[PDB]
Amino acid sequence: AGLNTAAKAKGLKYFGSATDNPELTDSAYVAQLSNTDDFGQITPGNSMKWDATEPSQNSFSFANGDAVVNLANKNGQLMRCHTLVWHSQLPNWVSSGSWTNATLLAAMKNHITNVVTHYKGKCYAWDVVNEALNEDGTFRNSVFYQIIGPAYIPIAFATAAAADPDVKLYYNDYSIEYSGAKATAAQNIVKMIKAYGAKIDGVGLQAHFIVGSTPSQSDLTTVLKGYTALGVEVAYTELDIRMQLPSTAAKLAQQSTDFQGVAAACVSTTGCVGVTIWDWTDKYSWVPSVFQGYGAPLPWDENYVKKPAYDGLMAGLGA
């Protein structure tokens, strides 16, 4: 019994967790990350991003990404590979370049081909393009969008497909999990990629939610079905539910209800293949350093002890 065994019993492919290389030297941490009752899938939190894999142009660095793949491979866990094209965690040579459409397109395609070719056969899915939308659903004015225009999105997908025809190609974003301008625009990215004749298999819903402000199970399910109706699969890719500190029994209970609704929405949607939490212990959560006054976002606490959210997840997975 555990999150992943429970998820597979309801026809999900996995329940999984992100991690990061610095944490792999923590033996108690790695023992629980390697617990396949709870985790059947791993995402590298940083070591397959552009700054990590191509720190100088045409100079590729795969050791840290390969370390996470090797752990998943030893444990029998699926990989989600993350992420090819993103405005954040670009190396200096991308962000500082004097580019034409032609020279940035060649550099983007070369990044994708090299990284996807290296990981061919290793990934369940790639987050091909990450966070291409503004909160109003217009295109984020990244260097890719400014220099190439909207075509950079389907071109990224087509370039990934050519290098690895089998991996599921996902568009990944946050604040697309509930009805609004951004979710509508994420549907429209699915439609645009297919209009270009390029392949998109999945929508990745980050699910960085807030305790007591989490969308209802019903609102989440409506949005999941809105994507699956377009002939793609879906997954919750980076689930965490950040609480206004300090922690209280009431906030931990609300967090449990919030997590339970996310898992239950996925279980209720044919085509929702799985849930990945953005790491699993509060000790290593990205949240407190980014969201002032927020924290304690995960189903285990900073001592690797289960919080009520672990039970809420198990209930939402119908265990």
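So that there is no doubt, residue numbering starts at 1 and follows the sequence shown.
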Discussion item. Which is higher on mean Cα B factor in this entry, 201-209 or 115-123?
Written reply: 115-123
Item to complete: With reference to the PDB entry, specify whether the mean Cα temperature factor is higher for 245-253 or for 102-110.
Response: 245-253
Worksheet, complete the sentence: Residue set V273, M48, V30, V262, per-entry CA B-factor max assigned to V30
Discussion item. Among the choices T159, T138, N92, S218, identify the one whose CA B-factor in the record is greatest.
Written reply: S218
Worksheet, complete the sentence: Of the three thirds of the chain ranked by Cα temperature factor, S17 occupies the lowest
Fill in: Record-listed C-alpha B factor of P154: chain third
lowest
Worksheet entry | Ranked C-alpha temperature factor of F62 among modelled chain residues, by third | middle
Worksheet, complete the sentence: Here the Cα B-factor of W278, set against its chain, lands in the third termed lowest
Worksheet entry | Third of the chain's Cα B-factor distribution that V143 belongs to, per the entry | middle
